[PDB]
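Structural description and commentary
Listed here are the chains, written in short residue letters.
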Protein chains: 2
Amino acid sequence: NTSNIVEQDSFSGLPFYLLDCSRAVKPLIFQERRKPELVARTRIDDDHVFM
Amino acid sequence: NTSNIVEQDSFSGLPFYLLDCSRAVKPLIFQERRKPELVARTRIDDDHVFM
């Protein structure tokens, strides 16, 4: 068992992180499928407007 | 204090109203925001039409 956490006894606060963001493989991955799509249904002929 | 209402001691019926309408401003006001809007929903892709 190899440890990934360094802990100080009797600590109640906010931790901080060290990362090796030096290669092409970064420790965190963001994955995007579809770009944001914004729709404004502000037309008179709309069904929700009519109802 | 001035009164514009005539009362009878034992009246138990329906009142009638005397008004003056020969001046520039009429005693009553009718205010309109949006004129009547008549629409019909006759498209095959409309939610109600389709369902």
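In this view, residue numbering begins from 1 on each chain in the order the sequence is written and may differ from the entry, while residues that lack coordinates are not shown. Labels are handed out in written order, letters beginning with A for the chains and numbers beginning with 1 for the ligands. Part of a larger assembly is shown, with all reported values restricted to the visible chains. For side-chain calculations, the full set of non-hydrogen atoms in the structure is used, while hydrogens and water are omitted.

1. A short note on the overall build of chain A
On a plain count of helices and strands, chain A comes out with one helix and zero strands. For 51 residues, the compact-globule formula gives about 10 Å, and the C-alpha radius of gyration of chain A, at 24 Å, lies well above that figure. Each of the 51 residues in chain A was classed as buried or not, and the buried ones make up 2%. Averaging the positions of the 7 positive and the 8 negative side-chain charges in chain A gives two centres separated by 9 Å. The helix and strand labels rest on DSSP assignments: H or I over at least four residues marks a helix, E over at least two residues marks a strand, and numbering proceeds from the N terminus. Computation of the radius of gyration draws on C-alpha atoms alone. For the globule rule, the value is 2.2 Å times the number of residues to the power 0.38. Three exposure classes are used, based on accessible area relative to the maximum for each residue type with a 1.4 Å probe and protein chains only: buried under 20%, partly exposed in between, and exposed over 50%. Think of it this way: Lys and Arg go in the positive column, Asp and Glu in the negative one, and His and the chain ends go nowhere. Throughout, a charge is located at the NZ atom of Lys, the CZ atom of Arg, the CG atom of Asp or the CD atom of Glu.

2. Observations concerning the relation of the copies chain A and chain B
Here the copies share a frame obtained from least-squares fitting of C-alpha atoms. Rotating chain A by 121 degrees and translating it 0.5 Å along the rotation axis places it on chain B, where the RMSD comes to 1.3 Å. Taken together, the rotation and translation relating the two chain copies correspond to the operation of a three-fold axis. The C-alpha atom lying nearest the rotation axis in chain A is that of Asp47(A); the distance is 3.6 Å.

3. A short note on the interface of chain A and chain B
When the parts of a complex come together, some accessible area is lost, and that lost area is often used as the size of the interface. Taken together, the contact between chain A and chain B spans four residues of the former and five residues of the latter. When chain A packs against chain B, the two sides together hide about 430 Å² of surface, and 53% of this comes from carbon and sulfur. Considering only the surface of chain A that becomes buried against chain B, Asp45(A), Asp47(A) and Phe50(A) emerge as the three largest contributors, covering 79% of it. Close ionic contact of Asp45(A) with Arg43(B) constitutes a salt bridge, the shortest N to O distance being 4.0 Å. The term polar contact refers here to a pair of N or O atoms within 3.5 Å; inside protein, the definition further demands a hydrogen-donor-capable atom paired with an acceptor-capable atom, and it admits residues adjacent in sequence only when both atoms are side-chain atoms. The interface formed by chain A and chain B contains two residue pairs in polar contact. Classification convention: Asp, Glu, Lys, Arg as charged; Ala, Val, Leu, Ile, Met, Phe, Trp, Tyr, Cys, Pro as nonpolar; all other residues, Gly among them, as polar. Looking at the side of chain A that touches chain B residue by residue, the class counts come to one nonpolar, no polar and three charged. The contact definition used throughout considers only heavy atoms, calling two residues in contact when any of these lie within 4.5 Å. Note on definitions: buried area is the accessible-area loss of two parts on being combined, 1.4 Å probe, summed for both. The term salt bridge refers to a side-chain nitrogen of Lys or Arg lying within 4 Å of a carboxyl oxygen of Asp or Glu.

4. Points about the pattern of salt bridges
Side chains that carry opposite charge are capable of pairing whenever their charged atoms lie near each other. Summed over the entire model, instances satisfying the criterion amount to ten salt bridges over all chains. Residue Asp20(A) is joined to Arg23(A) by a salt bridge in which the shortest nitrogen-to-oxygen separation is 2.3 Å. Note on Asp20(A): relative accessible area 42%, which makes it partly exposed. Shared partners join several salt bridges into a network, and the residues in it are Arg43(A), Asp45(A), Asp47(A), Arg41(B), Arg43(B), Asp45(B) and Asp46(B).

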